[PDB]
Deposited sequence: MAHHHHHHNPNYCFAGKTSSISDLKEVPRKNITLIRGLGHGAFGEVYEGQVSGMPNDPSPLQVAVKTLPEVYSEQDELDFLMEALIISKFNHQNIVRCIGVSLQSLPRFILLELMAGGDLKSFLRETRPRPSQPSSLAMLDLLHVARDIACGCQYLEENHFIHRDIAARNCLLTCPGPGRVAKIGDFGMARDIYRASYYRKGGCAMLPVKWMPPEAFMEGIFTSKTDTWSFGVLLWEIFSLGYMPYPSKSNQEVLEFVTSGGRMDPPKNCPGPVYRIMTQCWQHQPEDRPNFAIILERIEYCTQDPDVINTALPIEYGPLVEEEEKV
């Protein structure tokens, strides 16, 4: 079985915690590979590998398990273990009842009925949570390559929610796809032009995630296609502030999108700037838009 290296240690599939299949019960689908709520009782999310998939898909599936299993940080989803000795293969993950961040933002947008569903501080806390996860990845020399709202999860819907990075499929592929599937709208110029990835790649992507968060779940670069975005960004074009976005928050975005990677902040600096935003009453007392 293939090996994987993280921090100072090397690992293989034999190192994955095998959970006996008989101890695992599926409860319900969680919007689908497919994903289920399961019990081991320990409440888990079950990621399945379709049996009709290929040997390569098999290897990618296991590699993702290895990757997540080796992280240890509060803002990265935990891997409970795996069930690889029976078909279909399972990966067992921390159950994140709040679901993915993009869906959460879109479904929890403040309304005339629920105008106080979300406030600016909630959004800043989500941003801080994911930045803390990104800082951990940066300091351990791991490049995610696809930081985006769709790949972040929430522990729960309500106020105590914690956001975590949940999906590592892109980093898995590169570790061992088509052009139209590349997340170009989250990528800096040196990434989509030269295939160069560094931690400053993730900084750029985080800026786009910030826009996703403060837009309350809009697709980046409204009305633009991938190729149009490629030309737009290469020429110096950047997104406008989301509706009602505080200047200090938009400033973090535009720093994340500096053309030269050396001019973009690392995640320690991003975290400091997010923290300052949470301290500023003029920022956190800003009302979010209410869609009618």
Checklist entry - So which bits of the deposited chain never got modelled? => result 1-8, 41-43, 52-59, 196-201, 318-327
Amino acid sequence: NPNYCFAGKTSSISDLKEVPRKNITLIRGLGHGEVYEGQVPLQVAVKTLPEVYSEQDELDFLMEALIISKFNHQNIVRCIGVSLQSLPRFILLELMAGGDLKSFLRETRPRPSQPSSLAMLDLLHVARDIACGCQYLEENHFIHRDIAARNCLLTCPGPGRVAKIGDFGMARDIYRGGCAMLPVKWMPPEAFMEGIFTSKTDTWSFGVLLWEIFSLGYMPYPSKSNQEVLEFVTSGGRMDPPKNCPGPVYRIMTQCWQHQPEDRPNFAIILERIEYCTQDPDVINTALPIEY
From here on, numbers count along this sequence of modelled residues.
Next on the checklist: Tell me which stretch, 148-156 or 106-114, has the higher mean Cα B-factor listed in the entry.
Outcome noted: 106-114
Checklist entry - For the stretches 12-20 and 267-275, which has the higher mean C-alpha B-factor as given in the deposited record? => result 12-20
Item to check | Per the PDB entry, maximal CA B factor within 65, 245, 229, 49 | outcome: 49
Item to check | 252, 233, 239, 26, ranked by C-alpha B-factor: the highest one | outcome: 26
Checklist entry - Comparing residue 188 with the other modelled residues of its chain, is its CA B-factor in the lowest, middle or highest third? => result lowest
Checklist entry - Thinking about Cα B factors across the chain, which third does residue 176 belong to? => result highest
Checklist entry - Would the CA B-factor of residue 258 place it in the lowest, middle or highest third of its chain? => result lowest
Next on the checklist: Which third, lowest, middle or highest, does the C-alpha temperature factor of residue 198 belong to within its own chain?
Outcome noted: middle
Checklist outcome for this item: Binned into thirds over the chain's modelled residues, the C-alpha B-factor of residue 120 lands in the middle
